[PDB]
Each structure stands twice: as C-alpha cells, then as structure tokens.
C-alpha cells in the first residue's frame, strides 16, 4: 500500500498516514508547523562533516545551526521549538543510509523515526493542535497507511 512518489509540495495530510520522504540532498528536508505550539524542521547533513555553522531558511526565518556528522551515513536532524520565541534545538537525529524520513499524525501526536538504521525506531511529540500541523516537503515522498507500519519500518530501516 505504498503510494507515490509525489513531488515536493505543501499540504496537510490526514491522520493515520505515514509520509515517507526520499531525501536526495543536504539542507532542509521538511518544515512542519501549526504556528502555535509545534515547529519541526529536519535538516539533512551529508557524511563526514566537521563541526560547522550552517544557515537554513526555515519557516521564512534565516537560522544558523552548528552541525556535524562523524559517520559515513547521512544524518537527519530534527530541529524543534514549542513556541515562536523558543530557539530550534536538535530534539532527535535519524542516522540513515536509506535516506527515508517519516512523519505520521496519529493519536493526538506527531510520530517520527530516529536512531540509526537498520535499528531506527518511532517516537512521539505532543501538541494541542494536531490538525493544524501542515507540512512543506522539499523532496519526493510516498504515503503508506499506519496499518502498514511494519512495512514503513522496513522501508525506513532497509530502503525502498
């Protein structure tokens, strides 16, 4: 039940579907917010990057983040804030040779994968406004129903 690929766009998915983004370059992979209590932007860092300050345009704001990647695999840094006044901190990191980043709205929370392939695992983030969270996606993506999360886990950890 893997549908796609779909080209980069902005939308608000329904609950109960994994969005699986096939990142093909460094920089911002997606940006997601409800404009109240939830902002997440994922930043892709290519292998073998010494600590360095990099600039990224997220939510129309130029931000500087100090990044690194000591591993041969790509790193996907979740940058989160809970308020517009709050600084974007690296809340989770997905280290992956599969370049598959996932997001699901389910059960009043946002679910994403983090850890290191092929052992990456899901994690939840709370919000008081799940429905209002939209997403801007900068690479091609797929959709798969939550009922097939075992398959989604397989794709995140072992590839398409």
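Numbering follows the first chain given and starts at 1.
Peer 1: 123 to 131 versus 109 to 117: which one carries the higher mean Cα B factor per the record?
Peer 2: On average, C-alpha B-factors are higher across 123 to 131.
Peer 1: Mean CA temperature factor from the deposited coordinates, higher in 88 to 96 or in 63 to 71?
Peer 2: That would be 63 to 71.
Peer 1: Which third of the chain holds residue 30 when residues are ordered by C-alpha B factor: lowest, middle or highest?
Peer 2: Lowest third of the chain for residue 30's C-alpha B-factor.
Peer 1: Going by the recorded CA B-factors, say which third of the chain residue 47 sits in, lowest, middle or highest.
Peer 2: For residue 47, whose C-alpha B-factor we compare with every modelled residue in the chain, the answer is the middle third.
Peer 1: Taking only the Cα B-factors deposited for this chain, tell me whether residue 38 sits in the lowest, middle or highest third.
Peer 2: Ranked within chain, residue 38 CA B lands in the middle tercile.
Peer 1: Looking at the C-alpha B-factor of residue 152, is it in the lowest, middle or highest third of its chain?
Peer 2: Highest third.
Peer 1: C-alpha B factor of residue 104, ranked within the chain: lowest, middle or highest third?
Peer 2: For residue 104, whose C-alpha B-factor we compare with every modelled residue in the chain, the answer is the lowest third.
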